[PDB]
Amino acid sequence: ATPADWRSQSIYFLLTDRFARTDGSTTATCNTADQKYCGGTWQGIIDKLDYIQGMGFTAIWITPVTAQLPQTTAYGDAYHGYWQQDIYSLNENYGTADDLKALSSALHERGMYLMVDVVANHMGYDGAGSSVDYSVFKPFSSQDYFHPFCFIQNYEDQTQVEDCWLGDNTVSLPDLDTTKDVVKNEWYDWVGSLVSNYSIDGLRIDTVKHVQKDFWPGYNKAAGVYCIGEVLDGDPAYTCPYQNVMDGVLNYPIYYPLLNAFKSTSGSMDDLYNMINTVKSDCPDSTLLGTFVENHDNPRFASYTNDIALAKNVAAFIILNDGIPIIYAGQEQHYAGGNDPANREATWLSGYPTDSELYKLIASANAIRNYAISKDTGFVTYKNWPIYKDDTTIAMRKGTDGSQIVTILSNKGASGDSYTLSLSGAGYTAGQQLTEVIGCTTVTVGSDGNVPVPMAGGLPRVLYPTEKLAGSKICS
């Protein structure tokens, strides 16, 4: 599916090993500190697609599928998919080629997309960089395919970031020489075949800053689908340029100030407001980036604060920002694990309740986004515009005039006082009736064109014209 196709999507990102087991248990042990396969599979995900679809998501992103190093290393098993050795086999822990194909079809049958995480940068090996037997790698079964062994020390030297190896002498990640034609040719061949074999709709590409930029166009082309790259850097001057070689990137620029704005009641609304504007202007296309505040490489949001209102506002932002919302499995159950491995908790241990507060909030937020898109072909290309901020508040506007979603977010938290925000710049017509679609309440624009927004318990407010809601199942 194309970049344009992907603009309208909303992604639930999950670790295949940690989302759903084949037997469907909600009690099977998964001690994250053990760093071992806990037994999630592709069949499991299939069985739990209603859970996922019930929150309004239209796609999933799953961790890599290629066959991994077999060992339990000092850092555990390759349960996460990022330590591959045979790219032409599948990781048997998750199922068979038939199961992965079944997952693709089940998603397609519900009108959903499959995104698959892929690594081009490295293989993985249990042991020191010097001890590597390159014959275990298929097809890269010689040292000739790799950069000389050295570790990345200096992250201000981009050449060294690209040419040296990630990992350490405990688990080394032999670095492919992606400057060689034979290496380019093999990966390009490989990614096209992967996509066609498994009917994959889009790719999330791991470790993109660790491969020289000229590698990526051929790879994005060979894939023939939207690719969104992980470029692990908050500076949009570093990260956004990668959009000149790949369709999109993960929104790490927005990540840091977004987290900071909502992780406590003294978070900076200003830094978030400014970065929205920076990315809107400076990045090639903010609407093909992936918005997130939680993943498997950083402490989860609730690790910073268990305030449910703060969690609700940050989730609402992720869904309503430019680009593709990305929610990481367990965020919706208010999971609070810290750095890897603590943030790879098993989703099944929650019992998958569909009435949890976050599940409901996410459902209502995706519900309005999905609906709005169905009525407004300009919604996804309209660049989210921040219209208001104060010390504890940010407001933003998205959608064609007359059909815009106006979102008001707060970091006052659950103890927040009640009061009325007089909101200017929302652009609704005087006396228009709006529905606040999270709490299903109605608001009437002033005769001065300001919107009197009732604020309470630090709760997020999401406004849309009530007339435009006619026929929908929203706020019935």
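In this text, residue numbers run from 1 along the sequence as written.
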For this session: State which stretch shows the higher mean Cα B factor in the entry: 31-39 or 415-423.
Result: 415-423
Problem set entry | 173-181 versus 292-300 - greater average Cα B-factor per the deposited record | 173-181
Exercise. Going by the deposited entry, which of 65, 430, 55, 69 has the highest CA temperature factor?
Worked result: 430
Problem set entry | Residue, from 328, 385, 317, 242, that the PDB entry assigns the highest Cα B-factor | 385
Seminar exercise, completed: residue 15: C-alpha B-factor third of its chain, per the entry, is the lowest
Exercise. Thinking about Cα B factors across the chain, which third does residue 152 belong to?
Worked result: highest
Exercise. Where does residue 313 sit by CA temperature factor within its chain: lowest, middle or highest third?
Worked result: lowest
Problem set entry | residue 192, C-alpha B-factor rank within chain (lowest, middle or highest third) | middle
For this session: Could you look up the Cα B-factor of residue 103 in the entry and say which third of the chain it sits in: lowest, middle or highest?
Result: middle
